[PDB]
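Single chain ahead, written as structure tokens, the form deposited in one PDB entry.
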């Protein structure tokens, strides 16, 4: 009832969820699945209540009747007065990032190069860049465009997984969960940083959070912002400070979804959970911080300031916006009134 079952994707999120569970006095409990799609199915069956999803998955979930409940909100600049929970979301910038040293690589010479994607079906890592590439190429053979990639969630024996590395034992290659070394925003940026790929499709924030000492992780220690460039759609390369004028799209923020019949209850529990474990929460950083996990973005993104209420009781189509929704519909004609399960 006032007990919510959260769905965790893979073993590291499970571990974080368990801690949250313990600290919440079991107001929150945990179910675990190997992929986000499987978590969506748990939610449909009523065996889990909720999870926080990237926009590409909100589209999947939406067709099956799930609804957005609250949205990640990061630090803003305009609307200084408003409380975080009431502040409108701004959205993130999807970018394509390369090494400065890889000169003469631009948007127009990406063909046959190596790519790093957060996961198949995700906004910045897949839907935006592959949608543009299909568009520009006039062809649904997006699996042939790059020579090799790491795109968690594709066929492990395909060239889309050739660059994925699996877990510290080499198992679970290309699975779309954090066990895969190059999964997610951080994984795809690591894939570029280690020069496994030529380009990473991530968001603007990922570059800043993993360079110039912001990350203490071994692979990101010595990374410098100046060693990276953004690829712009006009064929130019720009410094990472110019993301405002050099992105592939603005993406809708990740948001918590649930079955509509459970939305109201998930919302109230979460609002109270963040008062306890959120940014300035009563027990964070004392006992547990919901929005921390050492740059690994477990359950929620680490840069989340709060979960915010949605202005308008959005359907998922309204939450995603008509320009994003049509982009996805078009790309999925290669790979409408449905539910995949």
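Each form is matched to the other, and the largest set of C-alpha atoms that superpose within 1.5 Å is called the rigid core. Numbering follows the first chain given and starts at 1.
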Looking at C-alpha RMS in 9 other deposited structures of this protein with the core superposed, is it 116-124 or 76-84 that drifts more? 76-84
Between 290-298 and 38-46, the one drifting more in C-alpha RMS in 9 other deposited structures of this protein once the core is aligned is 290-298
Between residue 335 and residue 336 - deposited residues without coordinates, as a size class: 4 to 9
Selected stretch [higher average CA B-factor]: 41-49 or 302-310: 302-310
I need to verify one thing: averaged over C-alpha atoms only, is the B-factor higher for 241-249 or for 74-82? 74-82
Comparing C-alpha B-factors across 143, 155, 205, 180 in this entry, the winner is 143
In the PDB entry, which of 297, 36, 283, 315 has its C-alpha at the highest B-factor? 283
Going by the recorded CA B-factors, say which third of the chain residue 90 sits in, lowest, middle or highest. highest
Would you check the entry's CA temperature factor for residue 232 and let me know if it's in the chain's lowest, middle or highest third? middle
Assigned third (lowest, middle, highest) for the C-alpha B factor of residue 107: middle
Would the CA B-factor of residue 138 place it in the lowest, middle or highest third of its chain? highest
Residue 260: which third of its chain by C-alpha temperature factor? middle
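The same protein has a further form, the form solved in complex with a partner chain, not shown here; the description that follows concerns it.
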At 4.5 Å between heavy atoms, is residue 60 in contact with its partner chain in the entry with it bound? yes
Close approach of residue 289 to its partner chain in the entry with it bound, 4.5 Å, heavy atom: no
State yes or no: in the entry with it bound, is some non-hydrogen atom of residue 275 no more than 4.5 angstroms from a non-hydrogen atom of its partner chain? no
Does its partner chain come within 4.5 Å of any heavy atom of residue 33 in the entry with it bound? no
None of 299, 284, 310, 41 but one has a heavy atom within 4.5 Å of its partner chain in the entry with it bound; the exception is 41
Pick from 275-283, 61-69, 289-297, 302-310: which stretch has a heavy atom within 4.5 Å of its partner chain in the entry with it bound? 61-69
